[PDB]
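Remarks on the overall topology
Listed here are the chains, written in short residue letters.
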2 protein chains.
Amino acid sequence: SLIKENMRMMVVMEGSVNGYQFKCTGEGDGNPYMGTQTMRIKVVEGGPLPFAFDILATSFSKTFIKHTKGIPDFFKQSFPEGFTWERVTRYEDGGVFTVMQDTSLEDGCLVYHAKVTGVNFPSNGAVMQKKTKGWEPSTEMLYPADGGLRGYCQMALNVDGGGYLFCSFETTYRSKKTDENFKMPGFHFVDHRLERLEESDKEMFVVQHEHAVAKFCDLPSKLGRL
Amino acid sequence: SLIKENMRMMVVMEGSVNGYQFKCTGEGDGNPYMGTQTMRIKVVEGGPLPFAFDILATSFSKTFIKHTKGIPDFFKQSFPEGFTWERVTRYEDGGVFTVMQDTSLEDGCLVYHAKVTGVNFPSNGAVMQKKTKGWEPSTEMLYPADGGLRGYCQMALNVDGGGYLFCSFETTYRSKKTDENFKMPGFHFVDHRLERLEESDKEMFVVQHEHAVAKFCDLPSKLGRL
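Residues numbered from 1 in each chain as written, not as in the entry; some residues may be left out. Chains lettered and ligands numbered in written order. Heavy atoms only, no water.

Looking at the PDB entry, one finds chain A named Red fluorescent protein eqFP611, with Entacmaea quadricolor as its source organism. Here the entry title, as the record gives it, is "Crystal Structure Analysis of FP611". Database annotation for chain A, UniProt heading Subunit: "Monomer." Per UniProt, chain A has the following entry under Sequence similarities: "Belongs to the GFP family." (UniProt positions renumbered as here; feature names shortened; annotations may be inferred.)

**Things to note about the packing of aromatic side chains**
Residue and element names in this part refer to chain A. Counting across every chain of the model gives 30 aromatic pairs over all chains. Among the aromatic residues, those joined into a ring-pair cluster are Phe 74, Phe 75, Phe 79, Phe 83, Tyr 173 and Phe 182. Its guanidinium or amino end placed over the ring of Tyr 33, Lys 76 lies 5.2 Å from that ring's centre, counting from NZ or CZ. The ring of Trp 85 is capped by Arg 87, whose NZ or CZ atom sits 4.1 Å from the centre of that ring. (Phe/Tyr/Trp six-rings, centres within 6.5 Å; stacked < 30°, edge-to-face > 60°. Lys NZ or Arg CZ within 6 Å of the ring centre and 35° of its normal.)

**Overview of the layout of surface pockets**
Taken as a whole, the largest pocket spans an internal volume of roughly 500 Å³. The wall of the largest pocket is formed by 21 residues, among which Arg 90 and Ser 168 of chain A together with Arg 90, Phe 166 and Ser 168 of chain B lie closest to the centre. The greatest single-element share of the lining of the largest pocket, amounting to five residues, is contributed by strand β11 (residues 164-175) of chain A. Class assignment for the residues of the lining of the largest pocket results in eleven nonpolar, four polar and six charged. What lines the second largest pocket is a set of 19 residues, among which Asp 54, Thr 132, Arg 196, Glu 199 and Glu 203 of chain B lie closest to the centre. Among the elements of the structure, β7 (132-135) and β11 (188-200) of chain B are those that each provide at least two residues to the lining of the second largest pocket. Among the residues making up the lining of the second largest pocket, the classes are represented as six nonpolar, three polar and ten charged. (1 Å grid on protein atoms, 1.4 Å probe; cavity = no way out; pocket = protein on both sides within 12 Å on 5 of 7 lines; lining within 4 Å. Points joined across faces, edges and corners; volume = space filled by probe spheres on them. Helix = DSSP H or I, 4+ residues; strand = E, 2+ residues; numbered from the N terminus. Nonpolar A, V, L, I, M, F, W, Y, C, P; charged D, E, K, R; others polar.)

**Side note on the relation of the copies chain B and chain A**
Mapping chain B onto chain A calls for a screw motion: a turn of 179° about the axis and a shift of 0.1 Å along it, with 0.3 Å RMSD after fitting. One copy is carried onto the other by what is essentially a two-fold rotation axis. Of every C-alpha in chain B, the one belonging to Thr 139 of chain B sits nearest the axis of rotation, 3.5 Å from it. (Least-squares fit on C-alpha atoms.)

**Some points on unusual backbone geometry**
All names here are of chain A. In this structure, the amide linkage connecting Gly 47 to the following residue, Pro 48, adopts the cis form with an omega of 0°. Considering the arrangement of structural elements, one finds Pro 48 in the loop between β3 (36-45) and β4 (66-67). Although it is not a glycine, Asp 107 adopts a positive phi angle of roughly 50°. Judged by relative accessible area, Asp 107 falls into the exposed class, the value being 84%. One non-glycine residue with positive phi stands out, namely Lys 202, at about 50°. Checked against the element boundaries, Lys 202 lands in the loop between β12 (188-200) and β13 (205-215). (Buried < 20%, exposed > 50% of the residue type's maximum accessible area, 1.4 Å probe, protein only.)

**Looking at the side chain of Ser 59 of chain B**
Looking at where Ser 59 of chain B falls in the secondary structure, it is placed in the loop between β3 (36-45) and β4 (83-91). In this structure, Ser 59 of chain B is in contact with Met 13, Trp 85, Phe 97, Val 99, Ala 114 and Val 116 of chain B, ignoring residues within four places of it in sequence. (Contact = heavy atoms within 4.5 Å.)

**Focus on the pattern of salt bridges**
Two side chains of opposite charge can pair, provided their charged atoms sit close to one another. Under the counting rule described, the total for this entry stands at 33 salt bridges over all chains. Two residues, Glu 92 of chain A and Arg 150 of chain B, come together in a salt bridge whose shortest N-O distance is 3.4 Å. Within this pair, whereas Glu 92 of chain A is found in the loop between β5 (83-91) and β6 (96-106), its partner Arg 150 of chain B is found in strand β9 (residues 148-159), the two belonging to separate chains. Among the residues examined, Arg 150 of chain B registers a relative accessible area of 10% and is labelled buried. The partner of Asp 102 of chain A in a salt bridge is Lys 176 of chain A, with the nearest N and O atoms 2.3 Å apart. Of this pair, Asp 102 of chain A sits in strand β6 while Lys 176 of chain A sits in the loop between β11 and β12, and the two are 74 residues apart along the sequence. Here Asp 102 of chain A falls in the partly exposed class, since its relative accessible area comes to 23%. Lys 176 of chain A gets classed as partly exposed once you look at its relative accessible area, which sits at 39%. Several salt bridges share partner residues, and in doing so they unite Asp 54, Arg 196, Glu 199 and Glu 203 of chain A into one network. (Salt bridge = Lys/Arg side-chain N within 4 Å of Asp/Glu carboxyl O.)

**A few points about the interface of chain B and chain A**
Contact residues are listed per partner, giving 41 residues for chain B and 40 residues for chain A. In total, chain B and chain A occlude about 3,500 Å² of area from one another, counting both sides; carbon and sulfur atoms represent 57% of this. It is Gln 154, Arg 193 and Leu 219 of chain B that lose the most area in chain B upon contact with chain A, and together they represent 19% of the buried surface on that side. When the shortest N-O distance is used, the salt bridge between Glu 136 of chain A and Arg 225 of chain B registers 2.9 Å. Summed over the shared surface of chain B and chain A, the result is 16 residue pairs in polar contact. Along the lines of polarity and charge, the residues of the side of chain B that touches chain A split into 20 nonpolar, nine polar and twelve charged. (Buried area = accessible area lost by both parts, 1.4 Å probe. Polar contact = N/O pair within 3.5 Å; in protein donor to acceptor, adjacent residues only side chain to side chain.)

**Brief notes about the environment of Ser 1 of chain B**
Residue and element names in this part refer to chain B. Mapped onto the secondary structure, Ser 1 falls in the segment before β1 (7-17). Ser 1 sits in the exposed class, given a relative accessible area of 72%. At 3.4 Å, the side chain of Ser 1 forms a polar contact with the backbone oxygen of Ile 3.

**Here's the deal with the side chain of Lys 62 of chain B**
Residue and element names in this part refer to chain B. Its location among the elements puts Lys 62 in the loop between β3 and β4. At 3.2 Å, the side chain of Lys 62 and the side chain of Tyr 173 are in polar contact. Each residue touching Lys 62, except ones within four places of it in the same chain, is listed here: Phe 75, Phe 83, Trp 85, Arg 87, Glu 140, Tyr 173 and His 192.

So this is what it looks like as structure tokens:
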């Protein structure tokens, strides 16, 4: 199959946050069926960034989700054509981060192109003041909609002092493939845990890891529901 | 302890939806430590309601959450004083459901008083057209805030035709107890599965059941985090 037990990925991210232009590139690898992946990222233009790199974290890889309980895999099924994802993240303090991402497969390497736009981040907020300390894990809720797959997520960002900064997002994943055999998943969840393993040069070099698993609620049901 | 292996509860809910006044009463039983509970509800004023009972479901019981390790029980620790919860649920189609709830313990029985207000529910929406078919399970994300415990949830309501209606809410849980020995939990999740077991008389009688468990993310961590 096109998606092997071990896969490499390359990324280019370009955009702006509060009008500040920047560009990042990255390369990594992972085990798509295990739901694990690692990415080494460099800020190639605009570094050192005047905002917390944490806001870019979720924009740097859907092919690396372990699918349990027979939940159809929207992403792995999309190759060789690939897919796109579009998202809007709203922070509790006004900041909004919108992304349009394209995922392709070239010569056996996954290729990502993310176009990002961050707006209205408060000048004295943790993001613009670089007082963030990584994300907590989260649970995404998904279901078919708008000719694709819709996902909703709520996340908490650790901040200096021991508090948290909340944000939520809605995503629409769209397949570039037109296949009679394509199997669409139904309502389900994806547990995520994105952790920063390393960083250097005022966040101009960052190493991120993510573990993701598609699953159903583990609680028993009185009606025989998933 | 004040909260026993088996507990009963009594509830009174009064308020309005889109200007329509109603009142409900209920009594239930559960096992607080197992995280299970059942409530038998009757609409005593305004029935049959012109809106889907489903929108009231989450307003009818935090004492019934299973706890294993690492997460102190904000709710069970609050007795005998009890606690309150305040919440705002926003539906993707404009409807907003706001609640102020009081939880007390009288003569060994849990007593709930919920004051609710639903506004702007679209006339032709699933709620006002009574085309809803129960909630999917969900995962609530919690952390300390505003002198209490903050909770965020995202829920999907099944609707006639096989689709879903999305909503999300933010809650603030406040303990009525002042105790220097009170242990505040840190960041965690609560998995919920609320199901309707029975109903009759155009929803003038409803039996709901809920299973809830406080937990950390299931996924392993690369950094030894919880």
